[PDB]
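No value in this document is a laboratory result; all are computed from the given coordinates. Counting neighbours? That spans all protein chains shown, and the Cβs are built from the backbone with ideal geometry, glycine included.
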RNA sequence: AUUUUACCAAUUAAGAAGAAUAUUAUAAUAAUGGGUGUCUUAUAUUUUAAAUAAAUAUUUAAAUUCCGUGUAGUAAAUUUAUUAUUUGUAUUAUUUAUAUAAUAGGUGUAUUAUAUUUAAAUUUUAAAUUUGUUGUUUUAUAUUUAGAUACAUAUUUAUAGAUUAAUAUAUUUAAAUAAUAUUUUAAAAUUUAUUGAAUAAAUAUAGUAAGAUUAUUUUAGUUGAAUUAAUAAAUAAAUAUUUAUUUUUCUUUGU
Ligand SMILES: [Mg+2]
Ligand SMILES: [Mg+2]
Ligand SMILES: [Mg+2]
Ligand SMILES: [Mg+2]
Ligand SMILES: [Mg+2]
Ligand SMILES: [Mg+2]
Ligand SMILES: [Mg+2]
C-alpha cells in the first residue's frame with residue numbers, strides 16, 4: 001500500500017576528496033603530464049634548548065615525495081568523474097580556469113553575483129550610514 | 001488518542017479478550033470517530049452577560065437603568081456560542097482577551113486543515129491570522145479575463 | 001501500435017472471446033486495412049499442399 | 001539517522017486497523033453507540049433541507065409542529081404483520097403479530113383498537129427477535145429487518161378458515 | 001460537466017428536489033434487504 | 001495467533017471428502033469458504 | 001495328462017470469459033477528522049507556545065580547523081506548481097495467475113563392475129573452505145519460478161603555461177568542460193516511543209566475521225620475489241589493464 005518512499009540522493013562535494021592537509025604540506029609542480037608533488041626537506045623534531053646550535057645545516061630545500069604516495073593522492077583526486085577517461089584529474093590547488101568554469105556554465109549566465117570571482121575579490125566599500133539593529 | 005483511550009476503556013470494562021463475537025465486533029466498532037465540536041472554555045470568574053447592567057446610571061423615578069446611546073455605541077462585543085454576542089463596557093474587555101482568540105481561531109484542530117499551509121498556492125490564497133484558516137478573495141477566470149481585456153494587455 | 005490486430009495483445013491478456021470474434025475467420029493486414037479472410041488449413045493432396053476450409 | 005533519503009509522505013500505521021463497519025450478521029449483532037458526523041448531517045438535511053433552506057426557529061424545532069413529529073402523528077407508520085399459521089384453519093385464542101421494535105404493549109393495543117377495531121385484548125406477550133438472515137446464490141449475507149413478536153390474548157378464540 | 005461521479009446511483013425525484021432523498025434511500029435499502037420480486041432461492045441457507 | 005482449518009480443499013481441487021460437507025452441511029467445514037452455487041442454480045431453477 | 005519363465009519403458013496440445021471499469025508511476029484546479037444496517041440532548045463532543053519540517057536548498061575559492069562534511073537573490077506576487085475517477089478503458093508507459101493428466105503388457109540381462117546394442121575397455125557427483133592447498137568444515141530430494149548495476153564512445157563557430165613561504169617574477173612547447181554511481185544476505189545492543197517480557201520505527205551503523213554474486217568452444221611475459229620509520233643516497237617487487245623503444249654481432253634473449 002504505502003510505506004516510506006525513497007527520494008533523490010544529494011551528491012557529495014565536488015572538492016570533498018582534496019584535503020587541506022595535502023594543500024598545506026605538499027605542492028604540485030612540473031609540466032601537465034609530469035606533475036610531481038613536492039614537500040620541503042629536512043627532519044621535523046622538537047628537542048630541548050641547547051641542541052642544533054648551528055643553523056647552517058638546517059636547509060630550506062624541496063624534495064619530491066614517494067611515487068606511491070603521489071599516486072595515492074592523485075587517485076584520491078581522480079575519484080571524481082572516474083568513468084570519463086578523457087577528463088584529466090583535478091589539481092591540488094584550484095586554478096583560474098576552475099574558478100571561472102565554476103560559473104561559466106549556462107545555468108549561471110543570469111546571476112550577476114558569483115561571476116568573475118565575486119567570492120575571490122575583496123568586498124566593496126560599505127555605505128557610511130550602514131547600521132544594524 | 002481518543003480511539004486508543006476508548007479501546008482501553010472498553011477492554012477494561014466489557015471485553016473478555018476472547019474469540020467471542022462480542023469482542024470481535026468491539027475491535028471493529030471502537031474505531032469509529034465521535035463528534036468533534038470546539039467548546040470554548042467557560043469563564044465562571046467573570047460572566048460577560050452579567051456586565052450588561054454595569055457602568056450605567058439609573059433614573060431615580062422608575063428605579064431602572066438609563067439607555068445611554070454613547071454606552072450602547074462604545075460597547076465592546078464579546079462572542080460566545082450560546083450567547084452569540086454580548087455587549088460589555090470597554091474597561092472590562094481586557095479580562096476576555098482569550099475568548100477573542102478562541103473565537104477568531106477556526107473551530108477545528110489545526111492538523112485537520114494543516115494541508116493548507118503545506119503548499120504555496122494555499123499559502124498565498126488563504127489567511128493565517130490568529131489561526132483562522134479562512135479563504136481570502138479570489139477573482140473568477142471570467143473576471144480576470146475581463147479585467148485584462150479592458151486593460152488591453 | 002499503428003495497426004492493432006484483433007488477435008494481438010496490447011495492455012491486455014489473451015481472452016478467447018475478445019481476441020477471436022470468429023474462429024473460422026483469419027485477420028490480416030492488406031493495404032493498411034484489417035482484412036478478414038476465411039481460415040484455411042494445409043492438407044497433402046496428390047503431392048502438393050492444398051488449402052481447405054479450416055472450420056469444416 | 002538518514003532522514004534526507006525519504007520524501008514527505010506519512011507511512012501507514014502498523015498494524016493497520018479494521019474499518020469501523022460491523023461485518024457480523026449473527027445473533028449477537030451490536031449497535032454502535034459512537035455517533036458520527038455524517039449521521040447528524042443527514043438528520044439535519046432530511047429535517048429542514050440543509051443547507052439550502054434557512055433553519056426553522058428553536059420553537060418550531062422543539063414543538064409538536066415540527067415536520068417529522070407532525071407527520072408521525074398525523075400519518076403513523078407501523079408495520080403489523082399477522083402470522084398465517086397461528087390463526088389459519090385453527091380456532092386459536094393467542095394470535096401473534098409482528099411489529100417494529102419501537103412499539104409496546106399499549107402501543108399495539110391502541111393500534112388494534114383504533115385502526116382495526118380489535119378492542120377485546122386481554123394481554124400482549126412481548127418478545128424481541130433478531131431479523132432473519134440468509135445467503136443468496138452468490139453467497140452474500142443479507143439480513144432482513146428486525147421485528148418484535150407479540151402474542152395477543154383475546155377473550156374469544158378466533159379463526160380464519162381456508163376454503164380448500 | 002457531471003455534478004456527481006458516474007458510479008453514484010441517482011436517488012432523487014423527477015423534478016430535482018431532494019426532499020425525500022433519505023426516504024428513497026431507505027426504500028432502496030429495504031429492496032436490497034428483501035426484494036419483492038425475489039424468486040425461489042437455491043441456497044441451503046434459506047431464511048425459513 | 002494461529003487459525004484452525006479442519007478440512008479444506010487441496011491445491012488441485014475440492015475432493016469428495018469436502019463435497020460431502022458441501023452437500024450435507026451446506027458449506028465447507030471451515031467456514032472461511034463462501035458458499036457459491038450460482039452454476040447449479042442456473043442449471044436447475046432458471 | 002495340463003501347459004505362454006523371471007527381470008527390463010516412456011510426459012505429453014489445454015476442456016471451459018477458471019483472467020481486467022486489473023498492478024505500479026503518471027493529473028500540479030477539491031479538501032473540517034469517511035463509515036453504509038444512519039437517525040433525541042452534550043455541566044459529558046476544547047491543543048494551543050518565535051527553533052529543521054508532511055514547507056525538502058542551481059559551484060570546485062578562502063576561512064575558522066589536530067581527516068575544511070562547505071557556494072551567495074535572479075528577478076522584487078514571475079510562469080517549480082503537493083496534483084487524482086473522467087469531457088478519451090483520463091493519457092503515456094510497465095507488469096500479471098500455482099484447478100482440472102488414459103498415453104505403450106516388453107530392444108540389450110538371466111551364476112553380480114557402473115549408457116552408447118560385436119558382447120570387452122573404462123569411473124564414485126558437483127560448488128565453496130582448507131595456502132601443511134587433505135582423509136578438515138558446511139550446503140545441495142526433485143520440478144517450475146524469483147534472486148545481485150563502476151557509462152569499453154566525444155566532428156568545422158572555441159578561446160586552456162607556471163611559479164616565491166610572501167611581497168614578487170614571468171625570454172619554455174598541449175588538450176575531446178565532463179561531475180550524479182560503486183555488489184547482495186548477514187556477524188550487536190545500545191536508540192526513539194507506545195501498551196500492560198511483547199508492540200512500531202531504525203538498508204541507522206560492526207578496523208567490518210562468514211558465504212552467494214547469473215554469460216563455453218578462448219589466442220602471447222615472469223610461479224616464492226620485494227622488506228633502509230626521519231637532512232643533499234640512481235632505483236621496492238610481484239599480479240593485472242593499456243602503452244613504447246625494428247642499430248650493428250655466430251646463433252639466441254619479455255626491456
Ligand atoms: Mg578539504
Ligand atoms: Mg602509488
Ligand atoms: Mg530389457
Ligand atoms: Mg486457465
Ligand atoms: Mg487546492
Ligand atoms: Mg530464473
Ligand atoms: Mg608488467
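Remarks
- Listed by first and then second residue, the pairs linking a residue in the stretch B:107-124 that is over 29 Å from residue B:41 (Cβ atoms) to a residue that is more than 6 Å from RNA strand G (Cβ to nearest atom) and part of a loop (DSSP other than H, G, I, E, B), with Cβ atoms under 6 Å apart and 6 or more places separating them unless they lie on different chains, are B:122/B:116.
- Any hit, the stretch A:17-25, residues being within 14 Å of another protein chain (Cβ to nearest Cβ), away from ligand 5 (no atom under 16 Å from the Cβ) and within 30 Å of residue D:1 (Cα to Cα): no
- Single unsatisfied condition, residue D:134 versus (1) away from chain E (no Cβ under 14 Å); (2) surrounded by 12 or more Cβ atoms within 10 Å (Cβ to Cβ); (3) part of a strand (DSSP E or B): (1)
- Of the residues in the stretch D:94-107, not one is closer than 30 Å to residue E:38 by Cβ, within 14 Å of another protein chain (Cβ to nearest Cβ) and loosely packed, with under 13 Cβ neighbours inside 10 Å.
- Highlighted here are the strands (runs of 3 or more DSSP E) found entirely within the stretch C:10-56 that include at least 1 residues which are surrounded by fewer than 10 Cβ atoms within 10 Å (Cβ to Cβ) and free of Cβ contacts under 8 Å to residues at least 24 places away in the same chain: C:40-45, C:48-53.
- Boolean, residue B:133 is surrounded by 12 or more Cβ atoms within 10 Å (Cβ to Cβ) and in a loop (DSSP other than H, G, I, E, B): yes
- Matching entry among B:85, B:39 (being in contact with a strand residue (DSSP E or B) (Cβ under 6 Å, 6 or more places away or on another chain) and away from chain D (no Cβ under 14 Å)): B:85
- Here the condition is being surrounded by 12 or more Cβ atoms within 10 Å (Cβ to Cβ) and either within 14 Å of chain D (Cβ to nearest Cβ) or away from ligand 5 (no atom under 16 Å from the Cβ) (or both); of A:73, A:13, it holds for A:73 alone.
- Given (1) under 30 Å from residue B:6 (Cβ atoms); (2) away from chain B (no Cβ under 13 Å), number of the condition residue D:2 does not satisfy: (1)
- Once the stretch A:8-39 is narrowed to residues that are assigned to a helix (DSSP H, G or I) and within 24 Å of residue A:82 (Cα to Cα), the residue that is nearest to ligand 1 (Cβ to nearest atom) is A:20.
- Within the stretch A:40-72, the residues that satisfy the criterion of being within 16 Å of ligand 2 (Cβ to nearest atom) and either in a loop (DSSP other than H, G, I, E, B) or in contact with a strand residue (DSSP E or B) (Cβ under 7 Å, 6 or more places away or on another chain) (or both) are A:64, A:65, A:66, A:70.
- Hey, residue B:88 more than 30 Å from residue B:48 (Cα to Cα) and either within 8 Å of RNA strand G (Cβ to nearest atom) or surrounded by 11 or more Cβ atoms within 10 Å (Cβ to Cβ) (or both) or not: no
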